[PDB]
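J.:
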Amino acid sequence: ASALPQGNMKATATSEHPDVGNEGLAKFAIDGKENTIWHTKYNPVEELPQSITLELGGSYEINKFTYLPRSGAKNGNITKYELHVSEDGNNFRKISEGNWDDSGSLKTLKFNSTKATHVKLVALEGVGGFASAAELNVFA
Ligand SMILES: [Ca+2]
Ligand code: NA
Numbered sequence: 124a125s126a127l128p129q130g131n132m133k134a135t136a137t138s139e140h141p142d143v144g145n146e147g148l149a150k151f152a153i154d155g156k157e158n159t160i161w162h163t164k165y166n167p168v169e170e171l172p173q174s175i176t177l178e179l180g181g182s183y184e185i186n187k188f189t190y191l192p193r194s195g196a197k198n199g200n201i202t203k204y205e206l207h208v209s210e211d212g213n214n215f216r217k218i219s220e221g222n223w224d225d226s227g228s229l230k231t232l233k234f235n236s237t238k239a240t241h242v243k244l245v246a247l248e249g250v251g252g253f254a255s256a257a258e259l260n261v262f263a
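Be aware that the sequence shown starts at 124, since it is given in the working numbering, and climbs by one per residue.
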C-alpha cells in the first residue's frame, strides 16, 4: 500500500481554528508539513465530537490510514476516534474505532480493503477537549 498524494486531496472539517501561524486549518492536516496542524476551533472552544474529511480525488480501494499528532505539545492529540469511509461523499460508514494513547506517536489504522472516495476521521475525545492532526495519510 502506498500513500495517496495529498495534493490530489481536499480537506474539510466540522471545526477548524483559523490560520494563526501553523494552525489550525483543516488543509494543514494534508500539506506534507509536520510542523503545521489542523486544530479544532478554540476562540472560543467548539466542543468535541468534531471531524475532518478527506476527499481523495478519486475512487480507491484503501486499506491503511495514518494519523500523525502535532509535535511536542499535546493539545488535540486524539484519544478516542472513529474512521469512516464514503463511496459517494454523502453516506459514510464506520470502518474502525477505538482508543489511542495521548503520546505524539504515529497512530496507524490497518483494515480490510474498502472502496472510498472520502475518508472521515471523527475525534470523539482528545487532549484538552480539542482535536488536532499534523499529517493524515491514506493508503491504497
Ligand atoms: Ca501539516
Ligand atoms: Na466530496
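Beta carbons are placed, not taken as given, at the ideal position from N, Cα and C, and that holds for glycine.
Using DSSP's beta-bridge definition, name the partner residues of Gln-129.
T.: Bridge partners of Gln-129: none, in fact.
J.: Hey, quick one: how far does the beta strand (DSSP E) through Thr-159 stretch, first residue to last?
T.: Per DSSP, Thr-159 belongs to no beta strand (DSSP E) and is neither H nor E.
J.: Can at least three beta-carbon pairs, one atom from the stretch 137-155 and one from the stretch 209-226, be found at a separation below 8 Å?
T.: Segments in contact, no.
J.: Taking the Cβ atom as the reference point for each residue, do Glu-157 and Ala-257 lie within a distance shorter than 8 Å?
T.: Taking 8 Å as the Cβ cut-off, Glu-157 and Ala-257 qualify as a contacting pair.
J.: For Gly-252, which of helix, strand or coil comes out of DSSP?
T.: Helix at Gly-252.
J.: Relative to ligand 4, what is the chain-ordered list of residues with a Cβ closer than 6 Å to any of its non-hydrogen atoms?
T.: Although ligand 4 was asked about, the structure shown includes only ligand 1 and ligand 2 as ligands.
J.: First and last residue of the beta strand (DSSP E) that includes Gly-221?
T.: Note, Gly-221: beta strand (DSSP E), 216-222.
J.: Three-state secondary structure (DSSP) at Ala-134?
T.: The answer is strand: DSSP assigns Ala-134 an E or B state.
J.: Cα separation between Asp-211 and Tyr-183?
T.: Looking at the two C-alpha atoms, the distance is approximately 12 Å.
J.: Shorter than 7 Å, the distance from the beta carbon of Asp-154 to the closest heavy atom of ligand 1, or not?
T.: Under cutoff, so the answer is yes.
J.: Which class does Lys-150 belong to by DSSP, given the choice of helix, strand or coil?
T.: If DSSP states are grouped into helix, strand and coil, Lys-150 belongs with the helices.
J.: Confirm the yes/no value for this check: CB of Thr-159, any heavy atom of ligand 1, distance under 7 Å.
T.: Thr-159: yes, Cβ under 7 Å from ligand 1.
J.: Can you determine whether any heavy atom of ligand 1 sits closer than 7 Å to the C-beta of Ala-257, and answer yes or no?
T.: Yes, ligand 1 has a heavy atom inside 7 Å of this Cβ.
J.: Taking the beta strand (DSSP E) that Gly-181 falls in, what are its first and last residues?
T.: Here the beta strand (DSSP E) through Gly-181 covers 173-191.
J.: Keeping to the same chain, check which residues put their C-beta closer than 7 Å to that of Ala-124; ignore five residues upstream and five downstream.
T.: Taken in chain order, the residues that qualify are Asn-186, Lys-187, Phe-262 and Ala-263.
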